[PDB]
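> entry07.cif is the file, holding mmCIF, N, CA, C and O atoms; chains and numbers go by the auth columns:
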```cif
data_structure
loop_
_atom_site.group_PDB
_atom_site.id
_atom_site.type_symbol
_atom_site.label_atom_id
_atom_site.label_comp_id
_atom_site.label_asym_id
_atom_site.label_seq_id
_atom_site.Cartn_x
_atom_site.Cartn_y
_atom_site.Cartn_z
_atom_site.B_iso_or_equiv
_atom_site.auth_seq_id
_atom_site.auth_asym_id
ATOM 1 N N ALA A 1 108.177 92.390 67.903 0.00 1 A
ATOM 2 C CA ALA A 1 106.962 93.015 68.472 0.00 1 A
ATOM 3 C C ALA A 1 107.317 93.888 69.665 0.00 1 A
ATOM 4 O O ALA A 1 107.010 95.081 69.698 0.00 1 A
ATOM 5 N N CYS A 2 107.969 93.286 70.641 0.00 2 A
ATOM 6 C CA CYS A 2 108.414 93.994 71.828 0.00 2 A
ATOM 7 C C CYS A 2 109.834 93.568 72.177 0.00 2 A
ATOM 8 O O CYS A 2 110.405 92.694 71.523 0.00 2 A
ATOM 9 N N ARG A 3 110.406 94.188 73.194 0.00 3 A
ATOM 10 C CA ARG A 3 111.762 93.875 73.611 0.00 3 A
ATOM 11 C C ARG A 3 111.744 92.858 74.730 0.00 3 A
ATOM 12 O O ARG A 3 110.940 92.954 75.646 0.00 3 A
ATOM 13 N N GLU A 4 112.622 91.883 74.655 0.00 4 A
ATOM 14 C CA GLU A 4 112.733 90.900 75.711 0.00 4 A
ATOM 15 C C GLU A 4 113.808 91.312 76.704 0.00 4 A
ATOM 16 O O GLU A 4 114.298 92.445 76.664 0.00 4 A
ATOM 17 N N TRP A 5 114.138 90.404 77.607 0.00 5 A
ATOM 18 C CA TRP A 5 115.223 90.582 78.543 0.00 5 A
ATOM 19 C C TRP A 5 116.461 91.153 77.857 0.00 5 A
ATOM 20 O O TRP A 5 116.990 90.577 76.900 0.00 5 A
ATOM 21 N N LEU A 6 116.874 92.311 78.348 0.00 6 A
ATOM 22 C CA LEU A 6 118.064 93.009 77.879 0.00 6 A
ATOM 23 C C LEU A 6 117.889 93.539 76.455 0.00 6 A
ATOM 24 O O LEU A 6 118.855 93.647 75.699 0.00 6 A
ATOM 25 N N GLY A 7 116.652 93.853 76.089 0.00 7 A
ATOM 26 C CA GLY A 7 116.393 94.466 74.799 0.00 7 A
ATOM 27 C C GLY A 7 116.502 95.976 74.853 0.00 7 A
ATOM 28 O O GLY A 7 117.588 96.537 74.706 0.00 7 A
ATOM 29 N N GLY A 8 115.375 96.628 75.096 0.00 8 A
ATOM 30 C CA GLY A 8 115.325 98.076 75.116 0.00 8 A
ATOM 31 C C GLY A 8 113.963 98.570 75.549 0.00 8 A
ATOM 32 O O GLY A 8 113.118 98.902 74.720 0.00 8 A
ATOM 33 N N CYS A 9 113.745 98.593 76.852 0.00 9 A
ATOM 34 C CA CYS A 9 112.449 98.941 77.408 0.00 9 A
ATOM 35 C C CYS A 9 112.133 100.422 77.243 0.00 9 A
ATOM 36 O O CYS A 9 113.011 101.281 77.344 0.00 9 A
ATOM 37 N N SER A 10 110.874 100.703 76.971 0.00 10 A
ATOM 38 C CA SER A 10 110.370 102.061 76.991 0.00 10 A
ATOM 39 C C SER A 10 109.298 102.176 78.074 0.00 10 A
ATOM 40 O O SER A 10 108.804 103.261 78.377 0.00 10 A
ATOM 41 N N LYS A 11 108.953 101.030 78.660 0.00 11 A
ATOM 42 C CA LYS A 11 107.976 100.969 79.740 0.00 11 A
ATOM 43 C C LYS A 11 108.507 100.126 80.882 0.00 11 A
ATOM 44 O O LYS A 11 109.080 99.054 80.666 0.00 11 A
ATOM 45 N N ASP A 12 108.306 100.615 82.092 0.00 12 A
ATOM 46 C CA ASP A 12 108.733 99.921 83.292 0.00 12 A
ATOM 47 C C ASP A 12 107.835 98.727 83.556 0.00 12 A
ATOM 48 O O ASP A 12 108.159 97.868 84.374 0.00 12 A
ATOM 49 N N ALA A 13 106.714 98.664 82.836 0.00 13 A
ATOM 50 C CA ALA A 13 105.753 97.595 83.042 0.00 13 A
ATOM 51 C C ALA A 13 106.388 96.238 82.764 0.00 13 A
ATOM 52 O O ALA A 13 106.320 95.346 83.611 0.00 13 A
ATOM 53 N N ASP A 14 107.018 96.104 81.586 0.00 14 A
ATOM 54 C CA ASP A 14 107.759 94.884 81.219 0.00 14 A
ATOM 55 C C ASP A 14 108.130 94.827 79.749 0.00 14 A
ATOM 56 O O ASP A 14 108.578 93.781 79.302 0.00 14 A
ATOM 57 N N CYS A 15 107.964 95.937 79.025 0.00 15 A
ATOM 58 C CA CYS A 15 108.142 95.987 77.564 0.00 15 A
ATOM 59 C C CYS A 15 107.453 94.807 76.850 0.00 15 A
ATOM 60 O O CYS A 15 106.350 94.964 76.327 0.00 15 A
ATOM 61 N N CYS A 16 108.092 93.641 76.819 0.00 16 A
ATOM 62 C CA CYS A 16 107.435 92.424 76.352 0.00 16 A
ATOM 63 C C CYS A 16 106.519 91.855 77.437 0.00 16 A
ATOM 64 O O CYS A 16 105.296 91.999 77.365 0.00 16 A
ATOM 65 N N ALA A 17 107.122 91.230 78.452 0.00 17 A
ATOM 66 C CA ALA A 17 106.373 90.572 79.517 0.00 17 A
ATOM 67 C C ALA A 17 107.308 90.043 80.593 0.00 17 A
ATOM 68 O O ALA A 17 108.439 89.650 80.306 0.00 17 A
ATOM 69 N N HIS A 18 106.805 90.032 81.825 0.00 18 A
ATOM 70 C CA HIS A 18 107.508 89.464 82.987 0.00 18 A
ATOM 71 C C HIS A 18 108.808 90.208 83.271 0.00 18 A
ATOM 72 O O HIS A 18 109.760 89.644 83.797 0.00 18 A
ATOM 73 N N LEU A 19 108.818 91.487 82.963 0.00 19 A
ATOM 74 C CA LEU A 19 110.034 92.282 82.985 0.00 19 A
ATOM 75 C C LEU A 19 109.776 93.623 83.665 0.00 19 A
ATOM 76 O O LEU A 19 108.665 93.894 84.114 0.00 19 A
ATOM 77 N N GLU A 20 110.815 94.430 83.787 0.00 20 A
ATOM 78 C CA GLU A 20 110.662 95.831 84.152 0.00 20 A
ATOM 79 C C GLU A 20 111.665 96.643 83.354 0.00 20 A
ATOM 80 O O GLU A 20 112.563 96.075 82.723 0.00 20 A
ATOM 81 N N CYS A 21 111.526 97.957 83.365 0.00 21 A
ATOM 82 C CA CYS A 21 112.460 98.791 82.642 0.00 21 A
ATOM 83 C C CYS A 21 113.580 99.267 83.552 0.00 21 A
ATOM 84 O O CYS A 21 113.339 99.920 84.566 0.00 21 A
ATOM 85 N N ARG A 22 114.805 98.910 83.186 0.00 22 A
ATOM 86 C CA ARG A 22 115.990 99.379 83.894 0.00 22 A
ATOM 87 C C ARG A 22 116.019 100.894 83.921 0.00 22 A
ATOM 88 O O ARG A 22 115.694 101.542 82.931 0.00 22 A
ATOM 89 N N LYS A 23 116.425 101.456 85.044 0.00 23 A
ATOM 90 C CA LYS A 23 116.508 102.891 85.169 0.00 23 A
ATOM 91 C C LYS A 23 117.881 103.384 84.741 0.00 23 A
ATOM 92 O O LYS A 23 118.178 104.575 84.829 0.00 23 A
ATOM 93 N N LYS A 24 118.720 102.467 84.277 0.00 24 A
ATOM 94 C CA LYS A 24 120.057 102.831 83.847 0.00 24 A
ATOM 95 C C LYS A 24 120.128 102.857 82.332 0.00 24 A
ATOM 96 O O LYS A 24 119.879 101.849 81.677 0.00 24 A
ATOM 97 N N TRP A 25 120.439 104.021 81.786 0.00 25 A
ATOM 98 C CA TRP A 25 120.571 104.190 80.358 0.00 25 A
ATOM 99 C C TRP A 25 121.764 103.395 79.830 0.00 25 A
ATOM 100 O O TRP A 25 122.835 103.386 80.444 0.00 25 A
ATOM 101 N N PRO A 26 121.597 102.704 78.691 0.00 26 A
ATOM 102 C CA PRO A 26 120.323 102.623 77.975 0.00 26 A
ATOM 103 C C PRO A 26 119.365 101.638 78.623 0.00 26 A
ATOM 104 O O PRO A 26 119.758 100.550 79.058 0.00 26 A
ATOM 105 N N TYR A 27 118.107 102.034 78.675 0.00 27 A
ATOM 106 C CA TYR A 27 117.083 101.278 79.359 0.00 27 A
ATOM 107 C C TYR A 27 116.809 99.959 78.653 0.00 27 A
ATOM 108 O O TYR A 27 116.291 99.934 77.537 0.00 27 A
ATOM 109 N N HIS A 28 117.166 98.862 79.300 0.00 28 A
ATOM 110 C CA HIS A 28 116.837 97.544 78.787 0.00 28 A
ATOM 111 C C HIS A 28 116.036 96.770 79.819 0.00 28 A
ATOM 112 O O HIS A 28 116.229 96.936 81.019 0.00 28 A
ATOM 113 N N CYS A 29 115.125 95.947 79.341 0.00 29 A
ATOM 114 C CA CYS A 29 114.247 95.190 80.201 0.00 29 A
ATOM 115 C C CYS A 29 115.023 94.154 81.001 0.00 29 A
ATOM 116 O O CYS A 29 115.772 93.367 80.436 0.00 29 A
ATOM 117 N N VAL A 30 114.854 94.166 82.305 0.00 30 A
ATOM 118 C CA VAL A 30 115.455 93.151 83.155 0.00 30 A
ATOM 119 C C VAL A 30 114.361 92.416 83.911 0.00 30 A
ATOM 120 O O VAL A 30 113.231 92.905 83.989 0.00 30 A
ATOM 121 N N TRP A 31 114.682 91.233 84.425 0.00 31 A
ATOM 122 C CA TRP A 31 113.703 90.395 85.110 0.00 31 A
ATOM 123 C C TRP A 31 113.249 91.001 86.423 0.00 31 A
ATOM 124 O O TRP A 31 113.704 90.588 87.487 0.00 31 A
ATOM 125 N N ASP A 32 112.326 91.952 86.303 0.00 32 A
ATOM 126 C CA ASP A 32 111.759 92.717 87.420 0.00 32 A
ATOM 127 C C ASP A 32 112.792 93.029 88.501 0.00 32 A
ATOM 128 O O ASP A 32 113.430 94.079 88.481 0.00 32 A
ATOM 129 N N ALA A 33 112.972 92.101 89.426 0.00 33 A
ATOM 130 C CA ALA A 33 113.938 92.262 90.493 0.00 33 A
ATOM 131 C C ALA A 33 114.453 90.902 90.946 0.00 33 A
ATOM 132 O O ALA A 33 115.641 90.606 90.833 0.00 33 A
ATOM 133 N N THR A 34 113.544 90.071 91.444 0.00 34 A
ATOM 134 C CA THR A 34 113.891 88.733 91.909 0.00 34 A
ATOM 135 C C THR A 34 112.842 87.716 91.465 0.00 34 A
ATOM 136 O O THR A 34 112.426 86.854 92.240 0.00 34 A
ATOM 137 N N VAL A 35 112.414 87.824 90.214 0.00 35 A
ATOM 138 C CA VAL A 35 111.351 86.974 89.695 0.00 35 A
ATOM 139 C C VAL A 35 111.876 85.573 89.369 0.00 35 A
ATOM 140 O O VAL A 35 111.250 84.586 89.811 0.00 35 A
#
```
Could I get this file's structure written as structure tokens?


Amino acid sequence: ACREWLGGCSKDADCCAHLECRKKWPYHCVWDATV
């Protein structure tokens, strides 16, 4: 359905959830910052 931690974010919101989009290509979802 969506990408999880270290998947492939297309949105900085969280792709799946509780995440953010890495600004480093290739963009993968990481745990926001210090969540």

> On this structure, which residues satisfy the PyMOL selection byres ((chain A and resi 21-31) around 4.5), written as a VMD selection string?

chain A and resid 4 to 9 11 to 12 18 to 20 32 to 35

> To test the calculation: enclose all listed atoms of region 5-13 of chain A in a box whose edges run along x, y and z, add 3 Å on each side, then state centre and edge lengths in Å to one decimal, as AutoDock Vina command-line options.


```
--center_x 112.3 --center_y 96.8 --center_z 79.5 --size_x 19.1 --size_y 18.9 --size_z 15.7
```

> If DSSP is run on the backbone, what residues of chain A are strand (DSSP E)? A reply as a list in words would be ideal.

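Here are the strand (DSSP E) residues of chain A: residues 20, 21, 29 and 30 of chain A.
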
> Write the selection just made, keeping N, CA, C and O atoms, as an mmCIF file, in the frame of the given file?


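Printed below is out08.cif as written:
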```cif
data_model
loop_
_atom_site.group_PDB
_atom_site.id
_atom_site.type_symbol
_atom_site.label_atom_id
_atom_site.label_comp_id
_atom_site.auth_asym_id
_atom_site.auth_seq_id
_atom_site.Cartn_x
_atom_site.Cartn_y
_atom_site.Cartn_z
ATOM 1 N N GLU A 20 110.815 94.430 83.787
ATOM 2 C CA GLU A 20 110.662 95.831 84.152
ATOM 3 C C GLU A 20 111.665 96.643 83.354
ATOM 4 O O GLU A 20 112.563 96.075 82.723
ATOM 5 N N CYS A 21 111.526 97.957 83.365
ATOM 6 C CA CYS A 21 112.460 98.791 82.642
ATOM 7 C C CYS A 21 113.580 99.267 83.552
ATOM 8 O O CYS A 21 113.339 99.920 84.566
ATOM 9 N N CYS A 29 115.125 95.947 79.341
ATOM 10 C CA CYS A 29 114.247 95.190 80.201
ATOM 11 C C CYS A 29 115.023 94.154 81.001
ATOM 12 O O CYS A 29 115.772 93.367 80.436
ATOM 13 N N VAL A 30 114.854 94.166 82.305
ATOM 14 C CA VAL A 30 115.455 93.151 83.155
ATOM 15 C C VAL A 30 114.361 92.416 83.911
ATOM 16 O O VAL A 30 113.231 92.905 83.989
#
```

> So how far away is atom C of residue 17 (chain A) from CA of residue 1 (chain A), in Å?

12.5 Å

> What does the structure give for the distance between atom N of residue 16 (chain A) and atom O of residue 2 (chain A), in Å to one decimal?

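Straight-line distance from atom N of residue 16 (chain A) to atom O of residue 2 (chain A) works out to 5.9 Å.
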